[PDB]
């Protein structure tokens, strides 16, 4: 059945490319992807699948039932874009001012639509079901994966597989790693309340800028002391709002930060240590601290059994692309929510452009090699056919 799969996919490469470009041209923001969601549901018209709409708001769950009893494998593609002004480059650059598919979600949707169509004409080659998940709202908390889980997107599902194109990794192969593969994320706001007063009488006041500044310096020990050197953690203060008047001792500063930890234990340690510094600042400087600490996407955990199965299957099929281990990746990803409800594997397709500058994700000049489309379909399809045989 694999042989047939590959040539059908190769013969539809042009269609994937044409679809990516249309979607690239009409990107929509997270929680406002009205046209994209409608386009995806319309694609499946005339095709032999069940499409369930509005799973999350704009959640789309297309079921490909072979008609025969068996496992259920979910395959996931996200479709939201970002608030970025496109600077490509390209004839099919976004005509929706200020928004751009800067993370390859258009490409994820493109290959998945064509793969799903293809798997639908091959019900005679597998058992059980494929659940194709077209997910909105990946980019902005609370995200789409969460809302889709709450609406039962994973009812019946044994395993989840997802693919992300990587504009930073070499085209011509797919990449994998069991265990923790992408960082989880938290956000915090800290209000540091001292006491304002005239700038010539500091003894009468309690300087919030000094306290907040000492806090920023002490905070560096969370990463530098409190985490193991073999852990992966980040604590960034992106906003120190202490704007005031020249000669008035500042009464309050607002600090906002974000946190990444590659494992849940690392996230837990960071939260504990930032809370210790924040509470202790009150005793050290006599300020009042108001900490709001909001957990956000968990770290993405690639189930070791399933992920190794995926890499084993792909190496044993002998396709026109290589398969190899990779390092963990910096950004957070809401696929991590699937990966925490079911054993899952999130894998990567090399998408670095052949010629010209290589830009990272979310950059205005972001671009991928379009032959990542076919490789993604071939890879995911191969897994689907072996799994569910």
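Residue numbers count along the first chain shown, from 1.
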With respect to the recorded C-alpha B factors, which stretch has the higher mean value, 265-273 or 135-143? 135-143
241-249 or 88-96, whichever carries the higher mean Cα B-factor: 88-96
Highest recorded C-alpha temperature factor, please, choosing from 313, 221, 118, 307. 313
Using only the C-alpha B-factors in the record, can you name which of 31, 44, 337, 346 has the highest? 31
Could you tell me which third, lowest, middle or highest, the C-alpha B-factor of residue 106 occupies within its chain? middle
Select lowest, middle or highest to describe the third in which the CA B-factor of residue 150 falls within its chain in this entry. highest
Ranking the modelled residues of this chain by C-alpha B-factor as given in the entry, is residue 177 in the lowest, middle or highest third? middle
Please say which third, lowest, middle or highest, residue 319 falls into when its CA temperature factor is compared across its chain. highest
For residue 170, return the chain-relative third of its C-alpha B-factor as stated in the PDB record: lowest, middle or highest. highest
